[PDB]
Amino acid sequence: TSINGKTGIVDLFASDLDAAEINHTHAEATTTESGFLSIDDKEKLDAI
Amino acid sequence: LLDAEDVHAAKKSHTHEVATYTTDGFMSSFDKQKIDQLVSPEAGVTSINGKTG
Ligand SMILES: [Fe+3]
């Protein structure tokens, strides 16, 4: 009958179902939350 | 005193039986709901991203 309140010709996507895309980015890693390694951190690790 | 029955006449507020397989007449109200459902049904999702079944 309906999906997420949508009826008829409906095209659902990731954000429509509160989902992430294939090419999606996360929050960068900080001192309190885990995440992607920053460019500066990678450069510092490579230089060390 | 005269009334509709006294003169073999239909009552001022009279109704006919619903139509059948052989005789005509009114249609049942839920039949009207049915036909109004057939025309412009908007019943569910016809196709989801071009996919059916
Ligand atoms: Fe992810």
# chains A, B, ... in the order shown; residues from 1 in each chain; ligands from 1
call {"tool": "select_by_dssp", "arguments": {"residues": "chain A", "states": "strand (DSSP E or B)", "output": "PyMOL selection string"}}
result
chain A and resi 3+6+10+28+36
call {"tool": "write_last_selection", "arguments": {"atoms": "N, CA and C atoms", "output": "mmCIF file, in the first residue's frame"}}
result
data_model
loop_
_atom_site.group_PDB
_atom_site.id
_atom_site.type_symbol
_atom_site.label_atom_id
_atom_site.label_comp_id
_atom_site.auth_asym_id
_atom_site.auth_seq_id
_atom_site.Cartn_x
_atom_site.Cartn_y
_atom_site.Cartn_z
ATOM 1 N N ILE A 3 5.084 2.860 1.304
ATOM 2 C CA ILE A 3 6.405 2.693 1.900
ATOM 3 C C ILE A 3 6.835 4.053 2.431
ATOM 4 N N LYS A 6 4.845 6.902 1.186
ATOM 5 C CA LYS A 6 4.900 7.195 -0.239
ATOM 6 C C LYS A 6 4.051 6.187 -1.000
ATOM 7 N N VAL A 10 6.973 5.592 -6.987
ATOM 8 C CA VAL A 10 7.878 6.047 -5.940
ATOM 9 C C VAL A 10 9.254 5.443 -6.184
ATOM 10 N N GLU A 28 35.393 12.985 10.832
ATOM 11 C CA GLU A 28 36.826 12.790 10.985
ATOM 12 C C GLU A 28 37.172 12.421 12.423
ATOM 13 N N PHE A 36 37.514 8.800 10.310
ATOM 14 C CA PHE A 36 38.521 8.769 9.258
ATOM 15 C C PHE A 36 39.792 9.481 9.706
#
call {"tool": "residues_near_ligand", "arguments": {"ligand": "ligand 1", "cutoff": "12 Å", "atoms": "only C-alpha atoms and all ligand atoms", "output": "PyMOL selection string"}}
result
chain A and resi 19-27+35-36
call {"tool": "write_last_selection", "arguments": {"atoms": "N, CA and C atoms", "output": "PDB file, in the first residue's frame"}}
result
ATOM      1  N   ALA A  19      19.617   5.658   5.133  1.00  0.00           N
ATOM      2  CA  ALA A  19      20.786   4.845   4.840  1.00  0.00           C
ATOM      3  C   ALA A  19      21.869   5.691   4.184  1.00  0.00           C
ATOM      4  N   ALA A  20      23.097   5.179   4.232  1.00  0.00           N
ATOM      5  CA  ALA A  20      24.249   5.880   3.685  1.00  0.00           C
ATOM      6  C   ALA A  20      24.501   5.457   2.243  1.00  0.00           C
ATOM      7  N   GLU A  21      25.063   6.375   1.459  1.00  0.00           N
ATOM      8  CA  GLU A  21      25.403   6.090   0.075  1.00  0.00           C
ATOM      9  C   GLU A  21      26.682   5.258  -0.002  1.00  0.00           C
ATOM     10  N   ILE A  22      26.956   4.740  -1.203  1.00  0.00           N
ATOM     11  CA  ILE A  22      28.195   3.998  -1.428  1.00  0.00           C
ATOM     12  C   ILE A  22      29.399   4.910  -1.225  1.00  0.00           C
ATOM     13  N   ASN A  23      29.362   6.099  -1.827  1.00  0.00           N
ATOM     14  CA  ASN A  23      30.430   7.086  -1.680  1.00  0.00           C
ATOM     15  C   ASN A  23      29.988   8.116  -0.643  1.00  0.00           C
ATOM     16  N   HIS A  24      30.057   7.714   0.624  1.00  0.00           N
ATOM     17  CA  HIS A  24      29.693   8.568   1.742  1.00  0.00           C
ATOM     18  C   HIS A  24      30.876   8.713   2.688  1.00  0.00           C
ATOM     19  N   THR A  25      30.985   9.889   3.297  1.00  0.00           N
ATOM     20  CA  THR A  25      32.076  10.210   4.206  1.00  0.00           C
ATOM     21  C   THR A  25      31.561  10.283   5.637  1.00  0.00           C
ATOM     22  N   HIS A  26      32.405   9.874   6.579  1.00  0.00           N
ATOM     23  CA  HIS A  26      32.079   9.898   7.996  1.00  0.00           C
ATOM     24  C   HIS A  26      32.758  11.079   8.679  1.00  0.00           C
ATOM     25  N   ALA A  27      32.432  11.259   9.956  1.00  0.00           N
ATOM     26  CA  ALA A  27      33.073  12.295  10.751  1.00  0.00           C
ATOM     27  C   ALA A  27      34.546  11.966  10.956  1.00  0.00           C
ATOM     28  N   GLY A  35      36.984   7.912  13.795  1.00  0.00           N
ATOM     29  CA  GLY A  35      36.577   8.309  12.463  1.00  0.00           C
ATOM     30  C   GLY A  35      37.708   8.179  11.472  1.00  0.00           C
ATOM     31  N   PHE A  36      37.514   8.800  10.310  1.00  0.00           N
ATOM     32  CA  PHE A  36      38.521   8.769   9.258  1.00  0.00           C
ATOM     33  C   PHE A  36      39.792   9.481   9.706  1.00  0.00           C
TER      34      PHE A  36
END
call {"tool": "interface_residues", "arguments": {"of": "chain B", "to": "chain A", "cutoff": "9 Å", "atoms": "only C-alpha atoms", "output": "JSON, numbers by chain"}}
result
{"B": [42, 43, 44, 45, 46, 47, 48, 49, 50]}
call {"tool": "write_last_selection", "arguments": {"atoms": "C-alpha atoms", "output": "CSV table (one decimal), in the first residue's frame"}}
result
chain,number,residue,atom,x,y,z
B,42,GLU,CA,-4.6,4.8,-6.4
B,43,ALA,CA,-4.4,1.4,-4.7
B,44,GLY,CA,-0.9,1.0,-3.4
B,45,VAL,CA,2.3,1.4,-5.3
B,46,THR,CA,2.0,0.4,-9.0
B,47,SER,CA,5.7,0.3,-9.7
B,48,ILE,CA,8.7,0.6,-7.3
B,49,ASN,CA,11.7,2.0,-9.3
B,50,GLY,CA,10.2,0.5,-12.4
call {"tool": "residues_around", "arguments": {"residues": "residue 25 (chain B)", "least_positions_apart": "4", "cutoff": "10 Å", "atoms": "only C-alpha atoms", "output": "number ranges by chain"}}
result
B: 15-20
call {"tool": "write_last_selection", "arguments": {"atoms": "N, CA, C and O atoms", "output": "compact mmCIF listing (two decimals), in the first residue's frame"}}
result
# COMPACT_ATOMS: atom_id res chain seq x y z
N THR B 15 -38.90 4.26 -3.35
CA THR B 15 -37.62 3.75 -3.82
C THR B 15 -37.84 2.46 -4.60
O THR B 15 -38.80 1.72 -4.36
N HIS B 16 -36.94 2.20 -5.54
CA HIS B 16 -36.95 0.98 -6.33
C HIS B 16 -35.87 0.03 -5.84
O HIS B 16 -34.86 0.45 -5.27
N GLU B 17 -36.10 -1.26 -6.06
CA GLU B 17 -35.12 -2.27 -5.70
C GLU B 17 -33.87 -2.12 -6.57
O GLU B 17 -33.94 -1.64 -7.70
N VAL B 18 -32.73 -2.54 -6.02
CA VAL B 18 -31.49 -2.48 -6.78
C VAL B 18 -31.58 -3.42 -7.98
O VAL B 18 -32.30 -4.43 -7.96
N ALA B 19 -30.86 -3.06 -9.04
CA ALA B 19 -30.90 -3.85 -10.26
C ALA B 19 -30.31 -5.24 -10.03
O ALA B 19 -29.46 -5.44 -9.16
N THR B 20 -30.79 -6.20 -10.80
CA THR B 20 -30.35 -7.59 -10.72
C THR B 20 -29.81 -8.02 -12.08
O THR B 20 -29.62 -7.21 -12.99
call {"tool": "select_by_dssp", "arguments": {"residues": "chain A", "states": "helix (DSSP H, G or I)", "output": "PyMOL selection string"}}
result
chain A and resi 15-17+39-47
call {"tool": "atom_distance", "arguments": {"atom1": "CA of residue 33 (chain B)", "atom2": "CA of residue 14 (chain B)"}}
result
22.9 Å
call {"tool": "atom_distance", "arguments": {"atom1": "CA of residue 32 (chain B)", "atom2": "CA of residue 5 (chain A)"}}
result
27.6 Å
call {"tool": "atom_distance", "arguments": {"atom1": "CA of residue 43 (chain A)", "atom2": "CA of residue 30 (chain A)"}}
result
16.0 Å
